[PDB]
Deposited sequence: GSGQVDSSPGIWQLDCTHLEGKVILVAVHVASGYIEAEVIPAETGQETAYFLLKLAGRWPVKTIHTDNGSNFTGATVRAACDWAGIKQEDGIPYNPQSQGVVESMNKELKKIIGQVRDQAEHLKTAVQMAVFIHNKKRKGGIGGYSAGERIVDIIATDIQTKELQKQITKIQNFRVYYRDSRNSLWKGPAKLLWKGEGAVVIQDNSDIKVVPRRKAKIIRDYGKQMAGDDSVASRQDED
């Protein structure tokens, strides 16, 4: 659905062979390989590795049998992988050939071409390289989730509160912050600040 870890897997052909291609959208970072059988199993293995290395929460597919098949679905279920790559594919070849005369198999040409596109910076004015943007982007996503869990954990404590010794206790609202003699709670759509005395907390 919608999760930062979005990738676009696709099959490209060359050398009477097929290269499974993975591309991290937000990043621009790639990671390809030459898969023997373009079956729904070779693609799936390709995910098991990737998913164990980078955080892959969701992927896209170009209908291909080796994609929509339930052969993949198995892994995607195991790893929790809910289920412009075009522009990159060409770029992949743009480099695979130039190096062709420096390696053995095509596979090596394929990887060397990757290594060249990832480290490949964006000029020189503060521009990073896909290998860097991906790491940055994910590093911040980890930090964002961190604060999220941090907030939901604190929400776990519920509060009842009131006003005068003549008012009524309301709630259970969710605790937001606690300090300086007061409690800050979110009653629903309101962020309220109540005196510690006019409040009662309980672990849910």
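Note: segments 1-5, 89-100, 222-239 of the deposited sequence have no C-alpha coordinates in the structure.
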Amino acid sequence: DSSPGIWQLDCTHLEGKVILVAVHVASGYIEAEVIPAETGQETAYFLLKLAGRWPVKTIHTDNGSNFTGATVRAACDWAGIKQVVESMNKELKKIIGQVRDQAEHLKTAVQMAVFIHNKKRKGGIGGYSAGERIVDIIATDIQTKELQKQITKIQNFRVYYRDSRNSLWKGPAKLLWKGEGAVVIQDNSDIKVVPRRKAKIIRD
From here on, numbers count along this sequence of modelled residues.
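129-137 and 98-106 differ in mean CA B-factor, and the higher of the two is recorded for 98-106. Between 28-36 and 46-54, the higher mean Cα B-factor belongs to 28-36. Placement of the Cα temperature factor of residue 162 within the chain: middle third of the modelled residues, per the deposited record.
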